[PDB]
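A note on names: the letters A, B, ... follow the listed sequences, proteins ahead of strands, and every chain is numbered from 1.
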Amino acid sequence: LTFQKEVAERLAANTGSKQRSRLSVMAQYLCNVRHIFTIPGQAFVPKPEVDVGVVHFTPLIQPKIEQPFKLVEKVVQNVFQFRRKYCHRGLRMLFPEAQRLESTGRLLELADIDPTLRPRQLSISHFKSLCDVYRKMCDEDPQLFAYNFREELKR
RNA sequence: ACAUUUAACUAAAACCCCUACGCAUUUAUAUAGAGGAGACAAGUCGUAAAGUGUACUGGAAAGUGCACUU
Ligand SMILES: [Mg+2]
């Protein structure tokens, strides 16, 4: 598929890279993604002001996180909402305010994750650990998975 | 570590120590694998309000947010 150059780099970004974001983890824990080459904007007949990147996806035999897609999407989006802050500041929004501090601590403890890691520094295996612990919590709290902190901020 | 013997009616003889250097140290070569630069590719190729920086971007051919310039 052809994407915009920035989107192609983000889909094909490594850990720590300036383009590491939600798309990187989401595409890379399910597919082997390679950004093959970029086409400049002058090569398109109505010339855009952007470049274009061509990216190849191959589904992985063994996905790097064996969890439901929507659970992984929630975990990744909450991790990457504050991309330049410590990871725990993003994870704490997954839980209600009342249990925010305690549950985040339980999560990081059971996941063996350093709280000081920035989102751009988290590998797919860290996300695997966090997602497995989060699914266990959601099994042990049926109303957790449907929590949206913005709605509880509306009230 | 190691030690002054003989000899001396002219004067001479004798002399000989034991201890490594290595999975240490310096540089270089060969090898798996990965990554860059060069030739604007030449054509019997095709055709006729704006700007700058920075931050996020998962409905990104660019957008929005902040600050600036004419
Ligand atoms: Mg947008």
Side-chain angles (χ1 to χ4, degrees), chain A residues 1-97 100 103-104 107-108 111 113-135 137-138 143-154:
Chain A
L1 300 156
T2 72
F3 292 89
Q4 187 175 330
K5 182 174 72 68
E6 290 100 299
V7 179
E9 304 169 329
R10 296 167 75 88
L11 280 153
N14 298 303
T15 302
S17 172
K18 182 174 72 68
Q19 299 283 83
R20 180 78 165 188
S21 197
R22 304 175 52 198
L23 281 173
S24 297
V25 181
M26 279 318 270
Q28 284 173 44
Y29 86 95
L30 281 164
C31 274
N32 190 0
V33 190
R34 66 182 181 179
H35 176 192
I36 297 169
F37 72 101
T38 189
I39 309 169
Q42 59 193 13
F44 294 86
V45 168
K47 295 179 195 197
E49 300 179 327
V50 294
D51 294 356
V52 178
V54 187
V55 58
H56 189 248
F57 305 82
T58 310
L60 287 170
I61 310 175
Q62 187 56 58
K64 294 180 183 179
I65 311 176
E66 291 84 3
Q67 296 295 320
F69 183 85
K70 289 287 187 154
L71 190 151
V72 182
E73 183 185 66
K74 207 195 166 83
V75 173
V76 171
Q77 189 274 331
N78 279 94
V79 164
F80 275 105
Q81 68 187 124
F82 314 119
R83 200 179 75 183
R84 319 184 99 185
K85 278 180 206 307
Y86 289 0
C87 61
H88 71 88
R89 266 201 72 165
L91 278 300
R92 62 176 57 185
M93 303 308 221
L94 294 169
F95 311 101
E97 311 193 49
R100 182 154 290 164
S103 296
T104 317
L107 181 76
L108 290 165
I113 298 305
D114 176 13
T116 71
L117 269 182
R118 307 295 181 91
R120 288 166 52 189
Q121 310 183 147
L122 274 67
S123 54
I124 307 299
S125 54
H126 293 142
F127 280 106
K128 183 180 188 293
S129 291
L130 283 162
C131 285
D132 304 343
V133 180
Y134 187 61
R135 183 177 182 271
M137 296 188 175
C138 286
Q143 284 79 231
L144 185 63
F145 183 58
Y147 174 72
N148 296 115
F149 74 95
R150 311 215 185 209
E151 310 194 330
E152 278 71 3
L153 289 167
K154 177 65 174 69

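Base stacking between strand neighbours B/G53 and B/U54 is present, with six-membered ring centres closer than 5.5 Å and ring planes inclined by less than 30 degrees.
Within the 4.5 Å cutoff, side-chain heavy atoms of A/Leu144 are placed close to those of A/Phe95. In this structure, the side chains of A/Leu91 and A/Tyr134 stay at 4.5 Å or more apart for every pair of heavy atoms. A heavy-atom distance below 4.5 Å is not found between the side chains of A/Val50 and A/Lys5.
Protein atom CD of A/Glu6 is 12 Å distant from nucleotide atom P of B/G63, rounded to whole Å. In this structure, A/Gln77 atom CD and B/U57 atom P are separated by 10 Å, rounded to whole Å. In this structure, A/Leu1 places its CG atom 17 Å from P of B/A60, rounding to the nearest Å. Atoms CZ (A/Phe37) and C1' (B/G36) sit 20 Å apart, rounded to a whole Å. The NZ-P distance, from A/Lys5 to B/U57, rounds to 15 Å in whole Å. Counting to the nearest Å, the P atom of B/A55 and the CZ atom of A/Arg83 are 9 Å from each other. Note: CG (A/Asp51) to P (B/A61) measures 13 Å, nearest angstrom. We find that CZ of A/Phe82 is positioned 12 Å from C1' of B/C56, with the value rounded to whole Å.
Helical stems in RNA chain B, defined as runs of 3 or more consecutive Watson-Crick or G-U wobble pairs with donor-acceptor distances under 3.5 Å: B:49-57 with B:62-70.
Only the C1' atoms considered, B/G46 is 33 Å distant from B/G51, to the nearest whole Å. A distance of about 15 Å separates the P atoms of B/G65 and B/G59, rounded to the whole Å. Across B/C56 and B/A60, the matching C1' atoms stand 12 Å from one another, rounded to whole Å. As rounded to the nearest Å, B/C45 and B/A49 have P atoms that lie 47 Å from one another. Nucleotides B/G22 and B/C18 have their P atoms positioned 22 Å apart, rounded to a whole Å.
Checked against B/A62, B/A61, B/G58, the side chain of A/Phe44 finds its nearest nucleotide in B/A61. For A/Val7, the listed nucleotide lying nearest its side chain is B/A60; candidates were B/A61, B/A60, B/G58. When distances are taken from the side chain of A/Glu73 to each of B/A55, B/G58, B/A60, the shortest belongs to B/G58. Closest to the side chain of A/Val52, out of B/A61, B/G58, B/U57, is B/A61.
Under 4.0 angstrom from either OP1 or OP2 of B/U57 there lies at least one side-chain N or O belonging to A/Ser21. One finds no side-chain N or O of A/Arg22 lying less than 4.0 angstrom from the OP1 or OP2 phosphate oxygen of B/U57.
When each of A/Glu49 and A/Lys18 is assigned the nucleotide of RNA chain B bearing its nearest heavy atom, the one mapping closer to the 5' terminus is A/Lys18. Comparing A/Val50 and A/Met26 along RNA chain B, the residue whose closest nucleotide (by nearest heavy atom) sits nearer the 5' end is A/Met26.
In this structure, A/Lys128 fails the cation-pi test against A/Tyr29, since its NZ or CZ atom is not both closer than 6.0 Å to the six-membered ring centre and inside 45 degrees of the ring normal.
The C1'-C2'-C3'-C4' dihedral of B/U4 is negative. Its furanose therefore counts as south. In B/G33, the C1'-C2'-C3'-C4' torsion is positive, which places the sugar in the north family. The pentose of B/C21 is categorized as south (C2'-endo side) on the basis of a negative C1'-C2'-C3'-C4' torsion. Sugar pucker at B/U26: north, on the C3'-endo side, as the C1'-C2'-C3'-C4' dihedral is above zero. A negative value of the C1'-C2'-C3'-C4' dihedral assigns B/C16 to the south, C2'-endo side.
Within the 4.0 angstrom heavy-atom criterion, only backbone atoms of the sugar-phosphate kind lie near A/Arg84; the bases stay farther away.
Relative ring orientation between A/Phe80 and A/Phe127 is described as parallel, the plane-to-plane angle staying below 30° on a 0-90° scale split at 30° and 60°.
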Working note: A/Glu6 + A/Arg10, criterion salt bridge (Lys or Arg N to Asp or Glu O under 4.0 Å); need CA distance, chi angles, decisive distance, verdict. CA-CA 6 Å; A/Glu6 290 100 299; A/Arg10 296 167 75 88; over 6 Å; no
Please test A/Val25 against A/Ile124 for side chain to side chain contact (heavy atoms under 4.5 Å, CB included), starting from the C-alpha separation and ending with a verdict. CA-CA 7 Å; A/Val25 181; A/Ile124 307 299; 3.7 Å; yes
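With A/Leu117 as the partner, the side chain to side chain contact (heavy atoms under 4.5 Å, CB included) test is satisfied by one option alone out of A/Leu108, A/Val79, A/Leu122: A/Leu122.
Heavy-atom contacts from other residues, nucleotides or ligands closer than 6.0 Å to CZ of A/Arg100 number more than 12.
Base orientation of B/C17: anti, since the glycosidic angle falls outside 90° of 0. In this structure, B/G22 is classed as anti because its glycosidic torsion departs from zero by more than 90°.
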